[PDB]
Each structure stands twice: as structure tokens, then as C-alpha cells.
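Q: Take this structure, written in C-alpha cells, and hold onto it; I'll ask about it next.
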Amino acid sequence: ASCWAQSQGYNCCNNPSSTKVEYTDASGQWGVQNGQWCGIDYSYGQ
């Protein structure tokens with residue numbers, strides 16, 4: 001698995017293990033950065 005937000009078309013938070021989540025939906029949890037939504041995922045490595 002990986003960036004799950006991708007299924008919808010959102011970006012991905014760099015290093016999600018240290019990105020305070022500001023979002024929270026059926027897509028898991030997300031983080032806000034640069035004023036843009038990114039998908040926070042543990043399998044997000046690439």
C-alpha cells in the first residue's frame with residue numbers, strides 16, 4: 001500500500017511519522033504543509 005489519498009487525487013506528506021495531522025477522514029489522517037493537503041501514510045516511502 002502507499003499514499004492512499006492518491007485514489008482521490010491529493011498529494012502525500014513527506015515523512016508522515018513526524019507530520020502533525022490536521023486532517024482526518026475516511027482517507028486516514030493527513031497533514032497540512034505549504035497550505036496544501038497531503039496524504040499521511042506509513043507505507044508512503046516512494
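Numbering starts fresh at 1 for the residues of each chain in the C-alpha cells, the chains themselves are lettered A, B, ... in the order given, and ligands are numbered from 1 as they appear.
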Report as a list in words all protein, DNA and RNA residues lying within 12 Å of residue 1 of chain A, evaluated on only C-alpha atoms, omitting residues in the same chain fewer than 2 positions from it.
A: residues 3, 4, 5, 6, 7, 41, 42, 43, 44, 45 and 46 of chain A
Q: In chain A, what's strand (DSSP E or B) per DSSP? Answer as a ChimeraX atom specification?
A: /A:11-12,21-25,28-33,36-40
Q: Using only C-alpha atoms, which residues sit within 6 Å of segment 12-26 of chain A once same-chain residues fewer than 3 positions away are excluded, as JSON, numbers by chain?
A: {"A": [29, 30, 31, 38, 39, 40]}
Q: Would you mind exporting the chosen residues as a PDB file, in the first residue's frame, restricted to N, CA, C and O atoms?
A:
ATOM      1  N   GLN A  29      -5.448   9.815   7.989  1.00  0.00           N
ATOM      2  CA  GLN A  29      -5.135  11.124   8.606  1.00  0.00           C
ATOM      3  C   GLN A  29      -4.248  11.890   7.634  1.00  0.00           C
ATOM      4  O   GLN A  29      -3.518  11.304   6.864  1.00  0.00           O
ATOM      5  N   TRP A  30      -4.307  13.187   7.638  1.00  0.00           N
ATOM      6  CA  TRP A  30      -3.462  13.952   6.690  1.00  0.00           C
ATOM      7  C   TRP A  30      -2.672  15.013   7.440  1.00  0.00           C
ATOM      8  O   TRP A  30      -2.820  15.189   8.628  1.00  0.00           O
ATOM      9  N   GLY A  31      -1.860  15.746   6.732  1.00  0.00           N
ATOM     10  CA  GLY A  31      -1.069  16.833   7.367  1.00  0.00           C
ATOM     11  C   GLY A  31      -1.136  18.068   6.468  1.00  0.00           C
ATOM     12  O   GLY A  31      -1.278  17.960   5.265  1.00  0.00           O
ATOM     13  N   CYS A  38      -1.944  17.052   2.049  1.00  0.00           N
ATOM     14  CA  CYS A  38      -1.082  15.908   1.666  1.00  0.00           C
ATOM     15  C   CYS A  38      -1.597  14.658   2.382  1.00  0.00           C
ATOM     16  O   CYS A  38      -2.138  14.735   3.467  1.00  0.00           O
ATOM     17  N   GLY A  39      -1.453  13.515   1.782  1.00  0.00           N
ATOM     18  CA  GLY A  39      -1.959  12.266   2.423  1.00  0.00           C
ATOM     19  C   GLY A  39      -0.891  11.667   3.338  1.00  0.00           C
ATOM     20  O   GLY A  39       0.201  11.351   2.911  1.00  0.00           O
ATOM     21  N   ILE A  40      -1.207  11.494   4.592  1.00  0.00           N
ATOM     22  CA  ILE A  40      -0.217  10.900   5.532  1.00  0.00           C
ATOM     23  C   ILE A  40      -0.386   9.384   5.533  1.00  0.00           C
ATOM     24  O   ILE A  40      -1.439   8.864   5.848  1.00  0.00           O
TER      25      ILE A  40
END
